[PDB]
Structure formats: structure tokens, C-alpha cells
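Structure data (mmCIF, C-alpha atoms and all ligand atoms) from coords_39.cif:
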```cif
data_input
#
loop_
_atom_site.label_atom_id
_atom_site.label_comp_id
_atom_site.auth_asym_id
_atom_site.auth_seq_id
_atom_site.Cartn_x
_atom_site.Cartn_y
_atom_site.Cartn_z
CA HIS F 1 -36.03 -2.10 35.15
CA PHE F 2 -32.75 -1.40 36.96
CA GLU F 3 -31.18 -4.60 35.63
CA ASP F 4 -31.53 -3.23 32.09
CA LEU F 5 -29.81 0.02 33.02
CA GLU F 6 -26.93 -1.74 34.76
CA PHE F 7 -26.35 -3.89 31.67
CA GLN F 8 -26.41 -0.78 29.50
CA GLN F 9 -23.85 1.01 31.68
CA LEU F 10 -21.52 -2.00 31.73
CA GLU F 11 -21.49 -1.84 27.94
CA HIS F 12 -20.67 1.87 27.98
CA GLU F 13 -17.83 1.42 30.48
CA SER F 14 -16.10 -0.80 27.91
CA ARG F 15 -17.25 1.04 24.78
CA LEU F 16 -13.74 2.23 23.84
CA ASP F 17 -12.17 -1.20 24.34
CA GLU F 18 -15.04 -2.60 22.28
CA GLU F 19 -14.27 -0.42 19.26
CA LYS F 20 -10.53 -1.15 19.34
CA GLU F 21 -11.23 -4.89 19.44
CA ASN F 22 -13.72 -4.67 16.56
CA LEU F 23 -11.23 -2.69 14.50
CA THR F 24 -8.50 -5.19 15.38
CA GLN F 25 -10.69 -8.08 14.17
CA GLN F 26 -11.21 -6.26 10.87
CA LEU F 27 -7.49 -5.59 10.45
CA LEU F 28 -6.74 -9.25 11.22
CA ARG F 29 -9.14 -10.39 8.49
CA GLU F 30 -7.54 -8.06 5.94
CA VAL F 31 -4.04 -9.26 6.82
CA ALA F 32 -5.18 -12.87 6.46
CA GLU F 33 -6.62 -12.07 3.03
CA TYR F 34 -3.42 -10.31 1.96
CA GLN F 35 -1.40 -13.30 3.15
CA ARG F 36 -3.47 -15.61 0.94
CA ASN F 37 -2.99 -13.24 -2.01
CA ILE F 38 0.77 -13.50 -1.55
CA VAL F 39 0.71 -17.30 -1.34
CA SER F 40 -1.36 -17.39 -4.53
CA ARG F 41 1.08 -15.18 -6.44
CA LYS F 42 4.22 -16.88 -5.11
CA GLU F 43 2.80 -20.16 -6.42
CA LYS F 44 2.48 -18.55 -9.86
CA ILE F 45 5.96 -17.04 -9.71
CA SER F 46 7.43 -20.41 -8.74
CA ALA F 47 5.55 -22.12 -11.58
CA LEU F 48 6.58 -19.46 -14.11
CA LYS F 49 10.26 -19.88 -13.19
CA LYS F 50 10.70 -23.48 -14.38
CA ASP W 1 -73.30 -32.28 31.41
CA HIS W 2 -70.27 -30.60 29.83
CA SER W 3 -70.98 -31.67 26.25
CA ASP W 4 -73.95 -29.28 26.18
CA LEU W 5 -71.77 -26.38 27.31
CA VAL W 6 -69.03 -27.17 24.78
CA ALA W 7 -71.57 -26.91 21.96
CA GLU W 8 -72.32 -23.40 23.20
CA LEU W 9 -68.62 -22.56 23.55
CA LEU W 10 -67.91 -23.68 19.98
CA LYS W 11 -70.75 -21.84 18.24
CA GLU W 12 -70.08 -18.74 20.34
CA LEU W 13 -66.32 -18.71 19.78
CA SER W 14 -66.85 -19.14 16.04
CA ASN W 15 -68.67 -15.80 16.10
CA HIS W 16 -65.58 -13.81 15.16
CA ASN W 17 -65.75 -10.02 15.60
CA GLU W 18 -69.26 -10.12 17.15
CA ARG W 19 -70.93 -10.65 20.55
CA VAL W 20 -67.97 -9.70 22.75
CA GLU W 21 -69.60 -10.24 26.14
CA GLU W 22 -71.00 -13.66 25.22
CA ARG W 23 -67.57 -14.85 24.10
CA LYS W 24 -65.86 -13.51 27.20
CA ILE W 25 -68.21 -15.53 29.39
CA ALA W 26 -67.72 -18.65 27.27
CA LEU W 27 -63.95 -18.18 27.55
CA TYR W 28 -64.14 -17.67 31.31
CA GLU W 29 -66.26 -20.82 31.75
CA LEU W 30 -63.79 -22.86 29.69
CA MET W 31 -60.82 -21.44 31.62
CA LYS W 32 -62.57 -22.09 34.94
CA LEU W 33 -63.28 -25.72 34.04
CA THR W 34 -59.64 -26.13 33.02
CA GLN W 35 -58.15 -24.76 36.25
CA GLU W 36 -60.65 -26.77 38.32
CA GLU W 37 -59.77 -29.77 36.13
CA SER W 38 -63.50 -30.47 35.88
CA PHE W 39 -63.37 -30.65 32.08
CA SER W 40 -63.78 -34.39 31.53
CA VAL W 41 -64.14 -34.08 27.76
CA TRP W 42 -60.67 -32.96 26.71
CA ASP W 43 -60.18 -36.36 25.07
CA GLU W 44 -63.12 -35.54 22.79
CA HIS W 45 -62.95 -31.83 22.03
CA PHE W 46 -59.38 -30.58 22.57
CA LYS W 47 -58.41 -30.22 18.90
CA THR W 48 -61.44 -28.15 17.86
CA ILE W 49 -61.28 -26.04 21.03
CA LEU W 50 -57.58 -25.27 20.50
CA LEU W 51 -57.94 -24.26 16.84
CA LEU W 52 -60.92 -22.00 17.57
CA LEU W 53 -58.90 -20.49 20.42
CA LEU W 54 -55.85 -19.83 18.24
CA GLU W 55 -58.07 -18.12 15.65
CA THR W 56 -59.46 -16.02 18.50
CA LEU W 57 -55.95 -14.63 19.05
CA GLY W 58 -56.52 -12.53 15.93
CA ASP W 59 -59.77 -10.92 17.05
CA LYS W 60 -60.33 -7.18 16.62
CA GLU W 61 -61.05 -6.68 20.32
CA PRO W 62 -57.85 -6.55 22.43
CA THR W 63 -59.74 -7.66 25.55
CA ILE W 64 -60.72 -10.81 23.64
CA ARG W 65 -57.14 -11.43 22.47
CA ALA W 66 -55.77 -11.00 25.99
CA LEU W 67 -58.40 -13.31 27.48
CA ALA W 68 -57.86 -16.00 24.85
CA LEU W 69 -54.16 -15.98 25.75
CA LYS W 70 -55.04 -16.45 29.42
CA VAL W 71 -57.23 -19.42 28.52
CA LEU W 72 -54.46 -20.84 26.32
CA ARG W 73 -52.08 -20.49 29.26
CA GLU W 74 -54.27 -22.56 31.57
CA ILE W 75 -54.89 -25.23 28.93
CA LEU W 76 -51.11 -25.47 28.50
CA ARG W 77 -50.71 -25.89 32.25
CA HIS W 78 -53.27 -28.66 32.74
CA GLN W 79 -53.23 -30.42 29.35
CA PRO W 80 -49.66 -30.07 28.04
CA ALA W 81 -49.48 -33.57 26.53
CA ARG W 82 -52.13 -32.70 23.94
CA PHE W 83 -49.99 -30.02 22.28
CA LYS W 84 -47.59 -32.60 20.84
CA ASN W 85 -48.95 -32.24 17.31
CA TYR W 86 -49.77 -28.53 17.56
CA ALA W 87 -46.50 -27.41 19.17
CA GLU W 88 -45.15 -25.45 16.20
CA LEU W 89 -48.46 -23.68 15.55
CA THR W 90 -48.94 -22.70 19.20
CA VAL W 91 -45.40 -21.38 19.53
CA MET W 92 -45.66 -19.14 16.46
CA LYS W 93 -49.09 -17.84 17.49
CA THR W 94 -47.92 -17.01 21.01
CA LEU W 95 -44.76 -15.28 19.79
CA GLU W 96 -46.68 -13.26 17.20
CA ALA W 97 -48.89 -11.73 19.90
CA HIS W 98 -45.83 -10.07 21.45
CA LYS W 99 -45.90 -7.35 18.79
CA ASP W 100 -49.49 -6.38 19.63
CA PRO W 101 -49.97 -2.60 20.06
CA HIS W 102 -51.97 -3.15 23.26
CA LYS W 103 -49.96 -3.84 26.42
CA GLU W 104 -52.52 -6.18 27.99
CA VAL W 105 -52.26 -8.52 25.00
CA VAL W 106 -48.46 -8.49 25.08
CA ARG W 107 -48.47 -9.19 28.82
CA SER W 108 -50.81 -12.17 28.43
CA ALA W 109 -48.65 -13.50 25.59
CA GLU W 110 -45.58 -13.28 27.83
CA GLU W 111 -47.38 -15.23 30.56
CA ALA W 112 -48.48 -17.83 28.01
CA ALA W 113 -44.96 -18.04 26.60
CA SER W 114 -43.35 -18.75 29.98
CA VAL W 115 -45.73 -21.67 30.54
CA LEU W 116 -45.38 -22.90 26.95
CA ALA W 117 -41.60 -23.22 27.25
CA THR W 118 -41.98 -25.85 29.98
CA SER W 119 -45.03 -27.61 28.54
CA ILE W 120 -43.44 -28.42 25.19
CA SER W 121 -40.81 -30.97 24.14
CA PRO W 122 -37.38 -29.36 24.74
CA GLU W 123 -35.75 -30.52 21.49
CA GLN W 124 -38.77 -29.68 19.33
CA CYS W 125 -39.08 -26.17 20.75
CA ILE W 126 -35.45 -25.23 20.10
CA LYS W 127 -35.57 -26.29 16.45
CA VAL W 128 -38.55 -24.00 15.79
CA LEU W 129 -37.11 -21.04 17.71
CA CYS W 130 -33.70 -21.05 16.01
CA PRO W 131 -34.85 -19.67 12.67
CA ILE W 132 -37.13 -17.18 14.46
CA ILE W 133 -34.34 -15.82 16.65
CA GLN W 134 -32.18 -15.14 13.59
CA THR W 135 -34.74 -13.69 11.17
CA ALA W 136 -37.80 -12.35 13.01
CA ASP W 137 -38.33 -8.69 13.87
CA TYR W 138 -38.31 -6.98 17.26
CA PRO W 139 -39.69 -7.88 19.69
CA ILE W 140 -40.69 -11.33 18.40
CA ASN W 141 -37.04 -12.34 18.20
CA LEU W 142 -36.60 -11.09 21.77
CA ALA W 143 -39.48 -13.27 22.97
CA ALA W 144 -38.05 -16.27 21.13
CA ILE W 145 -34.67 -15.87 22.85
CA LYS W 146 -36.26 -15.67 26.31
CA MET W 147 -38.28 -18.79 25.53
CA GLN W 148 -35.15 -20.64 24.40
CA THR W 149 -33.46 -19.81 27.70
CA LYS W 150 -36.29 -21.42 29.68
CA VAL W 151 -35.98 -24.56 27.55
CA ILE W 152 -32.20 -24.88 27.92
CA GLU W 153 -32.70 -24.77 31.70
CA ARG W 154 -34.60 -28.07 31.34
CA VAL W 155 -32.26 -30.17 29.18
CA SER W 156 -29.33 -32.52 29.75
CA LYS W 157 -25.74 -32.02 28.58
CA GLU W 158 -25.96 -34.55 25.75
CA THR W 159 -29.29 -33.18 24.53
CA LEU W 160 -27.98 -29.61 24.43
CA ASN W 161 -24.69 -30.47 22.69
CA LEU W 162 -26.60 -32.05 19.81
CA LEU W 163 -28.58 -28.82 19.43
CA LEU W 164 -25.70 -26.35 19.90
CA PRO W 165 -24.96 -25.90 16.16
CA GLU W 166 -28.52 -24.58 15.77
CA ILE W 167 -28.57 -22.43 18.91
CA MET W 168 -25.18 -20.70 18.97
CA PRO W 169 -25.28 -18.81 15.63
CA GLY W 170 -28.42 -16.94 16.70
CA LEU W 171 -27.03 -15.99 20.10
CA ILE W 172 -23.70 -14.80 18.68
CA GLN W 173 -25.55 -12.70 16.10
CA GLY W 174 -28.00 -11.51 18.74
CA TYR W 175 -25.14 -10.24 20.91
CA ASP W 176 -24.49 -7.73 18.12
CA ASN W 177 -28.15 -6.74 17.74
CA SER W 178 -29.41 -3.14 17.67
CA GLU W 179 -31.71 -3.57 20.67
CA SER W 180 -29.97 -3.74 24.04
CA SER W 181 -32.80 -5.96 25.29
CA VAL W 182 -31.95 -8.57 22.65
CA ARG W 183 -28.24 -8.38 23.47
CA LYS W 184 -29.01 -8.79 27.17
CA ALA W 185 -31.35 -11.70 26.46
CA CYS W 186 -28.58 -13.42 24.50
CA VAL W 187 -26.10 -13.03 27.36
CA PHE W 188 -28.60 -14.58 29.78
CA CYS W 189 -29.24 -17.41 27.32
CA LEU W 190 -25.50 -18.07 27.03
CA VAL W 191 -25.30 -18.13 30.83
CA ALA W 192 -28.00 -20.81 30.80
CA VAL W 193 -25.97 -22.71 28.20
CA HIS W 194 -22.82 -22.46 30.34
CA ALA W 195 -24.82 -23.75 33.31
CA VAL W 196 -25.22 -27.02 31.39
CA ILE W 197 -22.05 -27.71 29.39
CA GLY W 198 -19.61 -25.58 31.38
CA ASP W 199 -16.32 -24.58 29.77
CA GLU W 200 -17.27 -26.52 26.64
CA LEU W 201 -18.91 -23.27 25.54
CA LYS W 202 -15.58 -21.47 25.12
CA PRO W 203 -14.65 -22.66 21.60
CA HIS W 204 -18.12 -21.68 20.35
CA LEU W 205 -17.38 -18.12 21.45
CA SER W 206 -14.11 -17.65 19.57
CA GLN W 207 -15.74 -14.90 17.50
CA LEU W 208 -16.63 -12.68 20.47
CA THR W 209 -14.43 -9.70 21.36
CA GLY W 210 -12.61 -9.43 24.68
CA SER W 211 -15.00 -6.97 26.33
CA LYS W 212 -18.03 -8.94 25.14
CA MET W 213 -16.53 -12.04 26.75
CA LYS W 214 -15.89 -10.14 29.99
CA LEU W 215 -19.51 -8.99 30.18
CA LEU W 216 -20.71 -12.56 29.68
CA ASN W 217 -18.33 -13.94 32.31
CA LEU W 218 -19.54 -11.20 34.65
CA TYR W 219 -23.07 -12.62 34.59
CA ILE W 220 -21.84 -16.22 34.69
CA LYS W 221 -19.89 -15.79 37.92
CA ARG W 222 -22.91 -13.87 39.21
CA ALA W 223 -25.31 -16.73 38.47
CA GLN W 224 -23.42 -19.57 40.17
CA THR W 225 -23.10 -17.53 43.38
CL CL I 301 -62.00 -32.17 18.17
#
```
Would you mind writing the structure in this file as C-alpha cells?
Amino acid sequence: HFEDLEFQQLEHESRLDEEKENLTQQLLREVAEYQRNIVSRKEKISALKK
Amino acid sequence: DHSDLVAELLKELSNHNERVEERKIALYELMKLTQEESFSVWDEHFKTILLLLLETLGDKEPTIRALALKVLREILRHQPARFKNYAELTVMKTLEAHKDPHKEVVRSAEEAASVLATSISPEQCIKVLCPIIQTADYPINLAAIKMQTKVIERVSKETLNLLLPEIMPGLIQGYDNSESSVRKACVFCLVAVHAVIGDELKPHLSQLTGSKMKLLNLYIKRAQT
């Protein structure tokens, strides 16, 4: 009974840090996707040159 | 001696949704002869008795459902070797009872589940719980996670490592579940996993955020002390 409430308060005491880390993980995935998009296009540009 | 009683127990228990008092007594007599280990005809009648008992879990009367779970619990305790071929069926029936509207049925199912987790083959039980943990609805998924924890407490390092690719995805996903009870159950399960393989759990948790890792490590350092 009390163990459930302690767990729930430990989550709340890090709620802000939780959201910043989740957002960071999303931003890191988007960057990684954009980096692959650049590699893909640079390969085309290189091939279209000669 | 007992074979005459069994005949009564069978024909009475097959009376679904009728004669409540007569079936309670038959269930109590069966349960009493199981605890006393006086039932010398398990080798002859176990299969039929079990199947009639599992069908009784779906009775209209909640008092019947709760009692049948209590009987199942004692049969699991004294005759666990006979559930080898009915392991999957028994697990799913016991877990399903956890979503019963009546609290006495749920409580009996929880008691039966705790015994079941230690009366069943460790490897077999994990492989049937993994798809349940990931797909089933609350609180059946919650019950499955708790049952998995009890099983992991009874396995070796090598046995667990060969089952980790099936276990981990459900626990990671469960840590992000809506229900706080499910999230808490997943943390405790991970603690049980860490108790076995140690710091070999770290690379499997590369997806978890910093604060989620700190909460897990909080319960890990709490367990070992
Ligand atoms: Cl039989």
C-alpha cells in the first residue's frame, strides 16, 4: 500500500528530468534521420558529378 | 474407498450452474484429501479432475469460482509433476481469473498464481508469459509480470540468458505502461533479472532514459542490502 505510493512519488520527483530526456531521445532520432538523408543525397551528388 | 467418492465428485462437478452447496462440499472433500495427501488415486483420475476443475473456473457463482481456485492451488502444491502437459492451459486460466469483478475470486487467483509459478517448469512458463505481458489487458498483464518475476528467481544464469531476448522487450515496454502498478512490477522484475546476471543487464537497457535507470538502480541497491 505504502510501497506503491513511494514508487509513485519517486517518479514525480524526477518528472521534469524525465520529459527532457524523452524529448532529447526524440531529437536524437530526428538528427540521425537527417544525417542519413544527407549521406543519401551526397552519394547522388557525387555520382552526378562524374 | 476413494474411487466411489471420485465418481460423486465428477458427476457433481459436471453439474455446471446448478446445485451450489453440493459442489462446494465435493470441492472441499477433494481439497481436504489433497492437503492430507490421502488421495491415492491421482494416477488414475488427475486429468479428468483437472479439466472439470478448470471448467469450474467459469461458473456463474463467484463463491464457486473462488473455491475452485483454492482447490487448484492445493493440487498444484501436492501434485505439481502432473501439470507438465497442462501447463499452458492452467497458466492462462489462472491469469484470466485476475480480471474477475469479484475480489474474492481475484484474491484466490493471486494465491493460485504464486504457487503455480514455482510448480511449473521455469523455461516453459516464461515462453508463455512473454506474449501475454506484451499484449494482454490490465490487470492480466500485471499478473503475468509478477508471475515471471517469481520464475526468474528460480533459474540459473545460463538458463536466463537464453530467455532474455523474449523477456526484456516486454519489461522495457511495460516500464512505459499507463498503469503505475505495471511499471512498478517491471522494475521489480528487472531487479530479479539483475540478481541473476548482474551487470550483464546494462546493454539490454540502452533504451531507458536516465531517470528511469536511476529509479531501477534505486531498487537494485535496496534489494542486495
Ligand atoms: Cl483421467
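Here the question is which of W:202, W:82, W:127, W:103 gets nearest to ligand CL 301 (chain I) using all atoms listed in the file, and that residue is W:82.
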Item to complete: Write out as an MDAnalysis selection string every residue belonging to chain F that has an atom at most 10 Å from any atom of chain W, counting all atoms listed in the file.
Response: chainID F and resid 3:5 7:8 10:11 13:22 24:25
Produce a file of the selected residues containing C-alpha atoms, as a PDB file, in the coordinates of the input.
```
ATOM      1  CA  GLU F   3     -31.180  -4.600  35.630  1.00  0.00           C
ATOM      2  CA  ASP F   4     -31.530  -3.230  32.090  1.00  0.00           C
ATOM      3  CA  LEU F   5     -29.810   0.020  33.020  1.00  0.00           C
ATOM      4  CA  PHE F   7     -26.350  -3.890  31.670  1.00  0.00           C
ATOM      5  CA  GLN F   8     -26.410  -0.780  29.500  1.00  0.00           C
ATOM      6  CA  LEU F  10     -21.520  -2.000  31.730  1.00  0.00           C
ATOM      7  CA  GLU F  11     -21.490  -1.840  27.940  1.00  0.00           C
ATOM      8  CA  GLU F  13     -17.830   1.420  30.480  1.00  0.00           C
ATOM      9  CA  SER F  14     -16.100  -0.800  27.910  1.00  0.00           C
ATOM     10  CA  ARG F  15     -17.250   1.040  24.780  1.00  0.00           C
ATOM     11  CA  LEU F  16     -13.740   2.230  23.840  1.00  0.00           C
ATOM     12  CA  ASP F  17     -12.170  -1.200  24.340  1.00  0.00           C
ATOM     13  CA  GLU F  18     -15.040  -2.600  22.280  1.00  0.00           C
ATOM     14  CA  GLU F  19     -14.270  -0.420  19.260  1.00  0.00           C
ATOM     15  CA  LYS F  20     -10.530  -1.150  19.340  1.00  0.00           C
ATOM     16  CA  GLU F  21     -11.230  -4.890  19.440  1.00  0.00           C
ATOM     17  CA  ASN F  22     -13.720  -4.670  16.560  1.00  0.00           C
ATOM     18  CA  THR F  24      -8.500  -5.190  15.380  1.00  0.00           C
ATOM     19  CA  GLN F  25     -10.690  -8.080  14.170  1.00  0.00           C
TER      20      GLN F  25
END
```
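Those protein and nucleic acid residues that have any atom within 8 Å of ligand CL 301 (chain I) are, using all atoms listed in the file, residues 44, 45, 46, 47, 48 and 49 of chain W.
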Can you list every residue of range 77-110 of chain W that has an atom at most 8 Å from range 141-157 of chain W, with its nearest atom pair and the distance in Å to one decimal, using all atoms listed in the file, ordered by chain then number, as CSV?
```
residue,atom,partner,partner_atom,distance
W:95,CA,W:143,CA,6.5
W:98,CA,W:143,CA,7.3
W:110,CA,W:143,CA,7.8
```
Those residues with C-alpha atoms, as an mmCIF file, in the frame of the given file please?
```cif
data_model
loop_
_atom_site.group_PDB
_atom_site.id
_atom_site.type_symbol
_atom_site.label_atom_id
_atom_site.label_comp_id
_atom_site.auth_asym_id
_atom_site.auth_seq_id
_atom_site.Cartn_x
_atom_site.Cartn_y
_atom_site.Cartn_z
ATOM 1 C CA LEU W 95 -44.760 -15.280 19.790
ATOM 2 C CA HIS W 98 -45.830 -10.070 21.450
ATOM 3 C CA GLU W 110 -45.580 -13.280 27.830
#
```
Fill in: residue 9 in chain W environment, 7 Å, all atoms listed in the file, sequence neighbours closer than 4 positions dropped, as number ranges by chain
W: 5, 13, 26
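One finds CA of residue 76 in chain W at 8.1 Å from CA of residue 112 in chain W.
For residue 106 in chain W, the list of residues within 10 Å, based on all atoms listed in the file and with local chain neighbours fewer than 3 positions off taken out, reads residues 62, 65, 66, 69, 94, 95, 96, 97, 98, 99, 100, 101, 102, 103, 109, 110, 111 and 112 of chain W.
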Worksheet item: What lies within 9 Å of residue 72 in chain W using all atoms listed in the file, ignoring chain neighbours under 6 positions off, as a ChimeraX atom specification?
Response: /W:31,50,53-54,112
Practice prompt. Go ahead and compute the interatomic distance for CA of residue 57 in chain W and CA of residue 40 in chain W, in Å to one decimal.
Written response: 24.6 Å
